[PDB]
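Following: one structure in structure tokens, then a few remarks.
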Amino acid sequence: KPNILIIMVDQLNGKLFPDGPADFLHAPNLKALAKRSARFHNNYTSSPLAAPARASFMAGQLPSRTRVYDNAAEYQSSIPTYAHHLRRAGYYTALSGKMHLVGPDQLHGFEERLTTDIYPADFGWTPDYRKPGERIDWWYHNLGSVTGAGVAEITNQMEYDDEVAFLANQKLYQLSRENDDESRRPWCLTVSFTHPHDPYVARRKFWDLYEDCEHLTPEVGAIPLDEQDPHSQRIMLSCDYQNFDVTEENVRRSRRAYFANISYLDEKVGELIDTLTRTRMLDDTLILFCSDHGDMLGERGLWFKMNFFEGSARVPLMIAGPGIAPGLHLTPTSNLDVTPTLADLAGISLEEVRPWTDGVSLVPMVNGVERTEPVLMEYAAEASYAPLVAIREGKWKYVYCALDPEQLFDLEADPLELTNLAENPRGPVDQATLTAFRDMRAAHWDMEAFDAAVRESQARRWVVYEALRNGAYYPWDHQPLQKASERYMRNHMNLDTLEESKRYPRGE
Amino acid sequence: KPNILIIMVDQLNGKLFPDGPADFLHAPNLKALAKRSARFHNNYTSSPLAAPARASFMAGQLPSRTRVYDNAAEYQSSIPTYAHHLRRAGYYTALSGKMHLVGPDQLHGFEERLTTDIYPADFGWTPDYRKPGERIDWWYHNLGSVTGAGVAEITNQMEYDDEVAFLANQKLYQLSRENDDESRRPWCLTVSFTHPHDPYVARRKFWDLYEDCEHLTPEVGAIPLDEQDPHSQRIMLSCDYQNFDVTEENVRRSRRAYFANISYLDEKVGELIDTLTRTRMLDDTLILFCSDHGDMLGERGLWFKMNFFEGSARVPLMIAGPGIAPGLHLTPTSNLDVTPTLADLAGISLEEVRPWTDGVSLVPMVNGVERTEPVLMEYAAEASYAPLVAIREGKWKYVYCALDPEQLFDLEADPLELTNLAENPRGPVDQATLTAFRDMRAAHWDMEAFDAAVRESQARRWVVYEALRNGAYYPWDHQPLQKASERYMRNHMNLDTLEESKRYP
Amino acid sequence: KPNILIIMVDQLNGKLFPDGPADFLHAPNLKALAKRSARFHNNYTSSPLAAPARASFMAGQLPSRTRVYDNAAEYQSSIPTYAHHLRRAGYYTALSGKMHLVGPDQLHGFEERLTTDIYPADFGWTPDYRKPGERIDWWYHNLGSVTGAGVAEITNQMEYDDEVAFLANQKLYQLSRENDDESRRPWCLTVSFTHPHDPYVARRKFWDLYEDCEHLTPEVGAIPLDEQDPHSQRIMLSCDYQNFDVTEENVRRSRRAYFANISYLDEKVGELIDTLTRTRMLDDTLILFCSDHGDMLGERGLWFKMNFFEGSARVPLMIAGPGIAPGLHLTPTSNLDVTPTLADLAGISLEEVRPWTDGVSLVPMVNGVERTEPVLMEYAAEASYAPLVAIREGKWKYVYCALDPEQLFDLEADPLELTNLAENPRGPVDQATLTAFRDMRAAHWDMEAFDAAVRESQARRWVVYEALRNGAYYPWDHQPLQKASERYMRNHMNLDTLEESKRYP
Amino acid sequence: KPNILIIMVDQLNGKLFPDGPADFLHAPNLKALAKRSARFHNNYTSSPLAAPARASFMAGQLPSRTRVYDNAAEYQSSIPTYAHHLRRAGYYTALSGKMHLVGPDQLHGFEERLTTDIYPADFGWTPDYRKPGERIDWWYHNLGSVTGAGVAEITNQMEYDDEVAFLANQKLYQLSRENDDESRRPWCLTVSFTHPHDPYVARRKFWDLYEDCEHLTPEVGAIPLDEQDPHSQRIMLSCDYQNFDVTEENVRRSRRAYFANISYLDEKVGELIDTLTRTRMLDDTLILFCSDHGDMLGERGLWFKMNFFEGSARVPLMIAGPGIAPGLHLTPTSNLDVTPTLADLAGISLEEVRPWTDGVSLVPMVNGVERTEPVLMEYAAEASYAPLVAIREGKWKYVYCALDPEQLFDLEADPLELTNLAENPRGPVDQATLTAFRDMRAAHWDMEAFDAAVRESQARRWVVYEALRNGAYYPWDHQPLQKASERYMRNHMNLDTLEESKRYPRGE
Ligand SMILES: C[N+](C)(C)CCO
Ligand SMILES: C[N+](C)(C)CCO
Ligand SMILES: [Mg+2]
Ligand SMILES: [Mg+2]
Ligand SMILES: [Mg+2]
Ligand SMILES: [Mg+2]
């Protein structure tokens, strides 16, 4: 069984990985990793928001099945994740960094978690479909990220990611000490960074890399509120866009700091791979690179995620290591496919994972078997007033919301999604394609039931959360375990025996 | 708003509370409490097993709605409980003792929990409908409790309940120090004991009280396996009955220690009442006495719970205090009614709890209003191979399982449930009644959907639990909060100011 | 090896134990214990203040040797205590309650400590010989305890002692589960209550016992400030006496509540004895009753301790159990003798404890052997401006401070210490006696070296403590160990095996 | 008040810093630091063993005064340290890394401690003068460090120091967030590394730096046991030297890994200085570089410390920052002088520190005032059977032990200490110098009282420690504080307010 290193980042627009990292990015370590990787060019999040995407990523199940509809929805402990599947199959599993799990279980199958979460574990960020049009200023996104972009040497997120990286490398060194033990468990380490999620604020060393950057304005500029589709209008209102004057210079500084933060992350990828190389674990390790959702980065005038346009819904996905053919894949894939792919790579049978996953293993794709299943997406959090669903199949993207006109995009002819073919069909094939996706949408979702489930989940939480914020608060944040009395040299040990056990490689 | 003291005990057969405690029980404090209480004589659990009964009790929802089907089913943190409803209404809420919550949330709305649980918080005790007939010896009930009954001065349970009682009285004293602050929150303290749950082992002082006891033998004796109904057979097999020779003296020793442990609990009830009296909180405090399920106590040859017969499904319920007229009520009620009753007594509107509770407030009954809503029960754990449901309405009890012959009992004519009127109707009224209950059951439950939901829950947990028991174990047991650097006299305080604040009256 | 139960109380005037508890005290359990005890009637503290007395008590060394001169002096972890000596000899050792250890070590050899301390563990209460005459209002004794005496159902101290008692009895029950394992360690449990230390506030049930009490007034009344000896004057000033109008009824209420809190403690003594009896450990258990210092209780107009007069310096001491002949002993003894007495009773050789203890075993006295070693006492805390030492030998008490007139009392002729024979000798024998005590004092103490050592200790702590109270505070208070994932039933265990191991007998 | 960064390392032979780091060392960051520093060439430990040196360093008091005679002697909480003095004067004080404090107080005035200790906090390593000639194999030094030298990518010590460095830099970044607050406290951060203490085992990257090294054998080779002075013989026996065949190749590999570990440390010095530079704190920060004791590194056949020869007793000392003239100082100085120097640099009056320190401030030396006080040293731990004391004054070193012949060395004429002038006086001046040091030794120490105090301390601890190791053990190791429920974003906070507070510099 190979080891598995999952490197996850937050809010990375997948269009920036057209074949590994785009040429204009300063990302030597991810570009070298890409050359060894199977690269999934048209890979999609299952839900364009952090906690829904991550609960879905961990379980290989859509939000409608995990019930994690938004950033404050409880993730049940009894739902199997890839950590459970691998752990059941004999793996040591650990997590360093972010997973935005909501509720008192902060492990969800991981055997060890090295850091707390950057974001809350409670029900505070619960949307309310009963009050459509409201926004909550103390936690909603707003365009102050765009007007406040710039340069700093420490931020909340850089403190977080510096520690995620350090503790992940330390864990790799600790794991190497078992390398000569025949009975060692294989390990699976998830390293989950919060960058390049906003605030768009970068260390000067990486900001300086992009002085001459030619990609600091999006190709598709800002669409006026009156000319926007209804969901994009709800997003603009939820970002408080009327109270911010976003200048061309703000757009450029935001994109520049965001690319700088990709370079910041690239340096950390290089450290992890260096640790794997020096500890002699690299040849036996699969490395997966992934992200939870994208960032519109100013395209169409939109920032952040919460929608199904390419910039928000596309995320990179790369896999390298023993048995993976390097190459670029164009067939659309999904984050839903990661858990069954990890299971397959770990030698777990198809039947063991079948009842628990909605995705498919990508290993047959890597080995030249055509993948035909569509890619599905869902959204049911802030800036929605009712659930949205999307189907990505072939060259098409279809988006449905009971409250909105449908959207249909031909991404081969119209990759910037500038022409809505459900509104303006080019001909008879477009009308037939629309009818096919409507039948497909009825085959996969009951949208009235979906809306009812989301409403009940929100209503429960608002009752419970109001109570939990009265009186003494009981926090659910993960606290990494304390072990000082068993670490380093203690006087129930023999010093020479301890030193030999902690040294690796030995006798060289 | 009144204070609320909830005294809960585990595995207390409600037939032993015919009008408060039975005369033969040595329970002077519970009898004095019962004399000033509204007493609900025909009160039922929602599910005859610890965790399902308690999750249902806390939420006022049936197991099919809470999804807590068995003793290892996760209770979701987002489900509102009476703790949430009261806390939201401005109560300080606390738990001392047992609640058998499964999963990483060990508070479920309680603001403070003073003890860990006596039982596990993880998925270990998950049944498996895919292996009907199996038993898990290391945690199933077995008849060894009956053959091992007797006397001891300490047990696992007595250690637990001694501490539960101590910390509850300590908390009451602590709360009394706020009794002169007009800004004080009203409090709701749940004190949840593990007795008289088995092992049937009692301290000598309480065992000696039942030497001449006339109730050491059940009136309905053991029914041989071949004459038992199918569910009773499944229970006997689950208890490993074939590997135990249960003598008459075994039966007598078990009941004697069980009664003795009721007397053990009665002394602790008196301690709490005493604390309320001397702190001068008694007149402003509602007191509820309740249990999660009963114990067959050898009746029909069965022990423990897991069934809908009276001894297992009946539990006492009493309410006393400000605005509570004392009296005996015979209309059937259930534990499902406690959470809406608590909300009503705390002044919460019916509309605030209507979407979250499926029982009804008993406060109208206390004030003379006739109740007509039937009582529903569910069971889907060990010794079931498919879910069972029951309906209790008027004089009738109806029990359905897709795998078993139906049962119908007329509890006025047949209080010991010796004649199954579904099999042996007395005439056309019994047949019409059976048809009426079948139609009512079909309107309330799809038993095939219920069975699918339970199997899905079991299978899910078996994947997860096998993973969680590999590698380093992460426990979910509640650990009461460590406060030593802030307790008593510390040198950021003024000693005189501290002594005055801690003195009451 | 016998078990050892040490019952310690705080601030108990030893004159109230003339032969066990005084007849007028309602203390049936302590009187029954005293009837089977060796009782040491003329027993003295080593230092009339909490932390110095207790550090001296634990080590069997005087404050000049432990360096614990006052209530804020660090007790070094390397100093052997009776806990170390017994633990080294194979005992499990535990503490429930108070010991007023100062510094980051809150165990000092105890293997387990069941409660935090009621008092601070840091250097806050450090006196300063550089500012003679100052008082620190936020922690000094003051006469407000006398004017504030009365009745309450909870206090800071009653919360503390209720918990001390509960956890001690719980621990005894836990220890009984090992009583049938031949490989068991013998145990030594120290149960250390804060009562009858002030505030003089009692529960109504115990206060009502002293309604017709004839001992509510001390026989020796208040001595006016100008007629007081210099040290007594320093105590009255330290207590802020000028700002309190202490009436006769104040005096009576304080003594009444103090006696009532002795009765409060007596009920807890009976609880412990009951636990030992029902667990069948009583016959194999030594029981020691002791106190750290006394309380003047208004005698001479003084309250509390900090002096060498009988009411402040006398503390009871009793020993009962296997191999202990009951009887009354009048030869002076001291708390310094407890640690070598415990070691001797546990079978530890005299040579193993000789280098670490400066008292003597009382076991020879119990067996009829005359004791001749004198009793020494020291004091160097608040209301002293330089150290004081005392010698107690035969009928005599001698008290020296470089700043004050000497005191010499003949306690046979003058048990209330009303005639200072150093100032008013009766004849040449008194003068020769004074000279003999002066020579003995000079051989035992260099008072100038003692004073330099105390000032150095105070000054050191004042530099350190001012730093430690800047920025984030790091508390040294003991936090009892969190064990919830290993207590009661957990799913790495077999339930039947667990129930059997936790049941005893 | 300037900030103060104290960089401490363990077991660094001071002869390797002849004027900053020796030319042959690969240490660019320490060499650049040295060019800005006042450098104390003839600086001495106060006691050649870890815990005695460190308790003495913290208090500015000799072991005879601190009572910390050996590696298991309790350090009383009531003894003032430089952390107390600075904290009382308004400083935030923190420690990352090792201080080998014995006893339940693991802070000794530090307001925060970021790591546990690498070594035990209990009484286990207590020598026993009642059994002269015994050794305790499970914790005594032995020459297996020399025969086991080599190359590894992780060791006990590298795991420790990697975390010391990471958490120290993180603390600097956190402290920078207060930089614009007028009411900020100044900070004093001690960063205390365990390298280059043995095992002599280094990462390959740094080992490779010394392939051509010309210093891999000591100038003074191994002295046979019969030809050794009595204390050196006791050290050889305590190291179990008879059971090890130390080859020339072992000597070279040990020295090579030790120099590699200096280079490992030099990289961490560079990171700390980079953090100070980017956070804009460097110009207001004093940087002190120091060590607890040396390492003989094979010289005379000896390894490790425990003696007063130059290699064991000399340690580097450098100070750089506002108001310090750079330059090299030859007058002998002591680690005892650090606490009163820090006090002086922080503006604390001489009188405030006078009753609590045995050393003198070095600031007047830096400013051209001649220092005349001698340097004193003491040793009373393993391989001593009675206390040893030493005086270093002018060109002389004098060593006294009641059980041994005296030693007298003229370090100007005889810098390798090859001629004992107390045994072979060159003339009448040598005999007069010996008599002067004897009178000086009687003026500073009562050696019989010293021996009695050490004996009583050992005897107490053996009683107590035997008891503490019966039954359940209560550990004293420092456990760094848990704060997950107050870290990063929690839902009692406003997200925008949090991000602004955690970003620094702001608005750039
Ligand atoms: C990331 N935000 C918290 C700003 C909004 C997502 O719920
Ligand atoms: C460093 N050693 C532990 C090996 C010896 C010093 O006491
Ligand atoms: Mg995200
Ligand atoms: Mg139960
Ligand atoms: Mg006291
Ligand atoms: Mg060292």
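Following the order of the structure tokens, chains are lettered A, B, ..., residues in each are numbered from 1, and ligands are numbered from 1.
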Ligand 2 neighbours within 6 Å using only C-alpha atoms and all ligand atoms, as number ranges by chain: D: 71, 139-141
Residues within 12 Å of ligand 1, counting only C-alpha atoms and all ligand atoms, as a VMD selection string: (chain A and resid 10 to 11 48 to 53 69 to 73 100 118 to 120 123 to 127 135 to 145 194 197 to 199 235 238 to 239 293 295 303 to 306 380 to 383) or (chain D and resid 489 to 491 493 to 496 498 to 499)
Contacts of range 28-36 of chain A at 7 Å (only C-alpha atoms; same-chain gap of 6+ positions) as a PyMOL selection string: chain A and resi 20-21+266+269-270+318+320+326
For residue 366 in chain D: contacts at 9 Å, only C-alpha atoms, fewer than 4 positions along chain excluded, given as a count of residues only: 7
Show which residues sit within 12 Å of residue 33 in chain B, as a PDB file with C-alpha atoms, in the first residue's frame. Count only C-alpha atoms, and ignore same-chain residues fewer than 2 positions away.
```pdb
ATOM      1  CA  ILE B   7     -35.091  13.858  39.079  1.00  0.00           C
ATOM      2  CA  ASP B  19     -50.366   6.329  43.214  1.00  0.00           C
ATOM      3  CA  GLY B  20     -46.910   7.484  44.030  1.00  0.00           C
ATOM      4  CA  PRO B  21     -44.656   4.702  45.309  1.00  0.00           C
ATOM      5  CA  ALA B  27     -39.718   5.348  50.126  1.00  0.00           C
ATOM      6  CA  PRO B  28     -40.831   8.054  52.593  1.00  0.00           C
ATOM      7  CA  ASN B  29     -39.368  10.943  50.600  1.00  0.00           C
ATOM      8  CA  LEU B  30     -40.895   9.937  47.255  1.00  0.00           C
ATOM      9  CA  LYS B  31     -44.223   9.250  48.977  1.00  0.00           C
ATOM     10  CA  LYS B  35     -48.671  13.486  47.923  1.00  0.00           C
ATOM     11  CA  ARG B  36     -48.153  17.036  46.595  1.00  0.00           C
ATOM     12  CA  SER B  37     -47.702  15.986  42.948  1.00  0.00           C
ATOM     13  CA  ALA B  38     -49.762  15.536  39.868  1.00  0.00           C
ATOM     14  CA  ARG B  39     -49.176  11.801  39.375  1.00  0.00           C
ATOM     15  CA  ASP B 266     -35.325   7.616  48.036  1.00  0.00           C
ATOM     16  CA  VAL B 269     -34.401  12.339  46.862  1.00  0.00           C
ATOM     17  CA  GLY B 270     -34.732  13.430  50.473  1.00  0.00           C
ATOM     18  CA  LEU B 272     -32.184  17.115  47.384  1.00  0.00           C
ATOM     19  CA  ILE B 273     -35.504  18.192  48.937  1.00  0.00           C
ATOM     20  CA  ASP B 274     -33.637  19.048  52.156  1.00  0.00           C
ATOM     21  CA  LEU B 282     -38.284  24.827  47.522  1.00  0.00           C
ATOM     22  CA  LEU B 286     -40.954  22.596  40.133  1.00  0.00           C
ATOM     23  CA  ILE B 287     -39.904  18.999  40.796  1.00  0.00           C
ATOM     24  CA  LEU B 288     -40.351  16.300  38.134  1.00  0.00           C
ATOM     25  CA  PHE B 289     -39.757  12.618  38.858  1.00  0.00           C
ATOM     26  CA  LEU B 317     -44.062  10.487  36.106  1.00  0.00           C
ATOM     27  CA  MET B 318     -44.878  13.094  38.775  1.00  0.00           C
ATOM     28  CA  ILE B 319     -44.807  16.894  38.812  1.00  0.00           C
ATOM     29  CA  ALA B 320     -44.952  19.065  41.922  1.00  0.00           C
ATOM     30  CA  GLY B 321     -44.507  22.696  42.851  1.00  0.00           C
ATOM     31  CA  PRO B 326     -51.942  17.510  43.305  1.00  0.00           C
ATOM     32  CA  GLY B 327     -53.891  14.568  41.977  1.00  0.00           C
TER      33      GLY B 327
END
```
Counting only C-alpha atoms, chain D residues within 9 Å of chain C, as JSON, numbers by chain: {"D": [73, 74, 76, 77, 78, 79, 80, 81, 83, 84, 85, 86, 87, 88, 89, 90, 91, 92, 103, 104, 105, 109, 110, 111, 112, 123, 356, 457, 460, 461, 463, 464, 465, 466, 467, 468, 469, 470, 471, 472, 473, 474, 476]}
Those of range 253-501 of chain B in DSSP helix (DSSP H, G or I), formatted as a PyMOL selection string: chain B and resi 253-278+282-284+299-301+310-313+335-345+350-356+363-366+428-444+447-468+484-486+495-501
Test item: residues at most 7 Å from range 385-397 of chain A, only C-alpha atoms, excluding those fewer than 3 positions along its chain, as a VMD selection string: chain A and resid 129 132 332 374 to 380 400 to 401 408 to 412 450 to 451
At most 6 Å to chain C: residues in chain B, only C-alpha atoms, as a PyMOL selection string: chain B and resi 118-120+138-139+152+154-156+477+479+484-485+488-490+494-495+502-505
Would you export the selected residues with C-alpha atoms as an mmCIF file, in the first residue's frame, please?
```cif
data_model
loop_
_atom_site.group_PDB
_atom_site.id
_atom_site.type_symbol
_atom_site.label_atom_id
_atom_site.label_comp_id
_atom_site.auth_asym_id
_atom_site.auth_seq_id
_atom_site.Cartn_x
_atom_site.Cartn_y
_atom_site.Cartn_z
ATOM 1 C CA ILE B 118 -21.614 5.943 33.228
ATOM 2 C CA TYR B 119 -22.102 4.373 29.755
ATOM 3 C CA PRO B 120 -20.111 4.684 26.479
ATOM 4 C CA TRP B 138 -19.514 -8.519 26.158
ATOM 5 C CA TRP B 139 -22.359 -5.942 26.384
ATOM 6 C CA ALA B 152 -22.291 -4.895 48.479
ATOM 7 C CA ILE B 154 -19.806 -0.212 46.728
ATOM 8 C CA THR B 155 -20.571 -0.965 43.061
ATOM 9 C CA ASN B 156 -19.855 0.787 39.771
ATOM 10 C CA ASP B 477 -16.678 10.868 26.964
ATOM 11 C CA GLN B 479 -14.951 15.563 30.971
ATOM 12 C CA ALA B 484 -9.276 25.135 40.201
ATOM 13 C CA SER B 485 -7.399 28.405 39.538
ATOM 14 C CA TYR B 488 -12.083 29.358 46.531
ATOM 15 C CA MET B 489 -9.562 32.010 47.642
ATOM 16 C CA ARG B 490 -7.111 33.267 44.997
ATOM 17 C CA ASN B 494 -10.376 40.229 48.344
ATOM 18 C CA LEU B 495 -10.866 37.588 51.047
ATOM 19 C CA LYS B 502 -19.953 32.601 48.990
ATOM 20 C CA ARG B 503 -22.143 32.837 52.133
ATOM 21 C CA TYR B 504 -25.900 32.255 51.817
ATOM 22 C CA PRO B 505 -28.261 33.298 53.355
#
```
List every residue of chain B that has an atom at most 7 Å from any atom of ligand 4, and for each one report the closest atom pair and its distance in Å to one decimal, counting only C-alpha atoms and all ligand atoms, with rows sorted by chain and then by increasing residue number, as JSON lines.
```
{"residue": "B:10", "atom": "CA", "partner": "ligand 4", "partner_atom_place_in_ligand_line": "1 (Mg)", "distance": 4.7}
{"residue": "B:11", "atom": "CA", "partner": "ligand 4", "partner_atom_place_in_ligand_line": "1 (Mg)", "distance": 5.1}
{"residue": "B:49", "atom": "CA", "partner": "ligand 4", "partner_atom_place_in_ligand_line": "1 (Mg)", "distance": 5.7}
{"residue": "B:50", "atom": "CA", "partner": "ligand 4", "partner_atom_place_in_ligand_line": "1 (Mg)", "distance": 3.5}
{"residue": "B:197", "atom": "CA", "partner": "ligand 4", "partner_atom_place_in_ligand_line": "1 (Mg)", "distance": 6.8}
{"residue": "B:292", "atom": "CA", "partner": "ligand 4", "partner_atom_place_in_ligand_line": "1 (Mg)", "distance": 5.6}
{"residue": "B:293", "atom": "CA", "partner": "ligand 4", "partner_atom_place_in_ligand_line": "1 (Mg)", "distance": 6.0}
```
Close residues, residue 412 in chain B itself excluded, 10 Å, only C-alpha atoms, min 3 positions apart in chain, as a compact mmCIF listing (two decimals) with N, CA, C and O atoms, in the first residue's frame:
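Final file, selection13.txt:
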```txt
# COMPACT_ATOMS: atom_id res chain seq x y z
N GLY B 394 -56.89 4.83 25.24
CA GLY B 394 -57.99 4.37 26.08
C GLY B 394 -57.56 3.18 26.90
O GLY B 394 -56.51 3.18 27.55
N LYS B 395 -58.36 2.12 26.85
CA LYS B 395 -58.05 0.92 27.61
C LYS B 395 -57.14 -0.04 26.84
O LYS B 395 -56.80 -1.10 27.38
N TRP B 396 -56.75 0.31 25.61
CA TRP B 396 -56.16 -0.62 24.65
C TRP B 396 -54.65 -0.43 24.51
O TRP B 396 -54.14 0.69 24.58
N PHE B 409 -54.29 -5.83 23.57
CA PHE B 409 -54.65 -6.06 24.96
C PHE B 409 -55.66 -5.03 25.43
O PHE B 409 -55.56 -3.84 25.09
N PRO B 415 -55.27 -6.50 32.89
CA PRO B 415 -54.09 -5.66 33.17
C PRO B 415 -52.77 -6.41 33.13
O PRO B 415 -51.72 -5.77 32.99
N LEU B 416 -52.78 -7.74 33.24
CA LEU B 416 -51.54 -8.50 33.12
C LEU B 416 -51.27 -8.98 31.70
O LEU B 416 -50.33 -9.76 31.49
N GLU B 417 -52.09 -8.56 30.73
CA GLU B 417 -51.81 -8.81 29.31
C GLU B 417 -51.64 -10.30 29.04
O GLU B 417 -50.68 -10.75 28.42
```
Please write out the residues within 10 Å of ligand 5 as a short mmCIF file (atom, residue, chain, number, x, y, z; two decimals) with N, CA and C atoms, in the first residue's frame, counting only C-alpha atoms and all ligand atoms.
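What ended up in result_1.cif:
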```cif
data_model
loop_
_atom_site.label_atom_id
_atom_site.label_comp_id
_atom_site.auth_asym_id
_atom_site.auth_seq_id
_atom_site.Cartn_x
_atom_site.Cartn_y
_atom_site.Cartn_z
N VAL C 9 -7.94 19.01 61.04
CA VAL C 9 -8.84 20.16 60.97
C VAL C 9 -7.99 21.39 61.19
N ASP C 10 -8.56 22.55 60.90
CA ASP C 10 -7.78 23.77 60.85
C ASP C 10 -8.29 24.68 61.96
N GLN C 11 -7.36 25.20 62.77
CA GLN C 11 -7.67 26.26 63.73
C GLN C 11 -8.52 25.75 64.90
N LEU C 12 -8.23 24.54 65.38
CA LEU C 12 -8.97 23.94 66.49
C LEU C 12 -8.18 24.09 67.78
N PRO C 48 2.37 28.81 65.05
CA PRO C 48 0.93 29.11 65.09
C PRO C 48 0.44 29.88 63.87
N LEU C 49 0.56 29.26 62.70
CA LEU C 49 0.06 29.83 61.44
C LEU C 49 -0.04 28.67 60.44
N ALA C 50 -1.00 28.74 59.52
CA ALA C 50 -1.33 27.64 58.62
C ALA C 50 -0.16 27.01 57.83
N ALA C 51 0.39 27.76 56.88
CA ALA C 51 1.45 27.18 56.04
C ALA C 51 2.72 26.75 56.84
N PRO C 52 3.24 27.59 57.74
CA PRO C 52 4.39 27.12 58.53
C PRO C 52 4.06 25.90 59.36
N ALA C 53 2.85 25.83 59.98
CA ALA C 53 2.52 24.66 60.79
C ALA C 53 2.43 23.42 59.92
N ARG C 54 1.87 23.56 58.71
CA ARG C 54 1.61 22.41 57.86
C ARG C 54 2.87 21.90 57.19
N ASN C 71 2.90 32.45 55.51
CA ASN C 71 1.86 31.85 54.67
C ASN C 71 2.13 31.99 53.19
N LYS C 98 -7.10 20.52 52.47
CA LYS C 98 -6.23 21.66 52.56
C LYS C 98 -4.85 21.25 53.05
N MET C 99 -3.82 21.86 52.49
CA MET C 99 -2.53 21.77 53.16
C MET C 99 -1.71 23.06 53.05
N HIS C 100 -2.18 24.06 52.30
CA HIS C 100 -1.56 25.39 52.26
C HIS C 100 -0.07 25.28 51.92
N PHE C 193 -9.67 19.20 56.60
CA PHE C 193 -10.79 20.13 56.57
C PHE C 193 -10.36 21.56 56.92
N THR C 194 -11.10 22.53 56.39
CA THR C 194 -10.78 23.92 56.68
C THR C 194 -11.45 24.42 57.97
N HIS C 195 -12.61 23.89 58.33
CA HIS C 195 -13.22 24.26 59.61
C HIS C 195 -12.38 23.72 60.77
N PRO C 196 -12.54 24.28 61.99
CA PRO C 196 -13.44 25.39 62.36
C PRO C 196 -12.84 26.79 62.17
N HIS C 197 -11.82 26.91 61.31
CA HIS C 197 -11.25 28.19 60.90
C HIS C 197 -12.37 29.18 60.61
N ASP C 198 -12.14 30.47 60.89
CA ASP C 198 -13.15 31.48 60.59
C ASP C 198 -13.25 31.70 59.07
N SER C 291 -4.59 18.89 64.31
CA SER C 291 -4.88 20.23 63.81
C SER C 291 -3.56 20.98 63.61
N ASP C 292 -3.61 22.06 62.80
CA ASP C 292 -2.38 22.79 62.51
C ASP C 292 -2.03 23.82 63.60
N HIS C 293 -3.02 24.55 64.12
CA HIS C 293 -2.86 25.53 65.20
C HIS C 293 -4.22 25.71 65.84
N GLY C 294 -4.27 26.50 66.91
CA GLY C 294 -5.51 26.76 67.61
C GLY C 294 -6.14 28.09 67.23
N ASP C 295 -6.98 28.60 68.14
CA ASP C 295 -7.71 29.86 67.98
C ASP C 295 -7.94 30.41 69.38
N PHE C 304 -8.04 34.23 66.74
CA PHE C 304 -7.17 33.59 65.75
C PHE C 304 -5.89 33.08 66.39
N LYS C 305 -4.76 33.16 65.69
CA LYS C 305 -3.56 32.49 66.17
C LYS C 305 -2.38 33.46 66.21
#
```
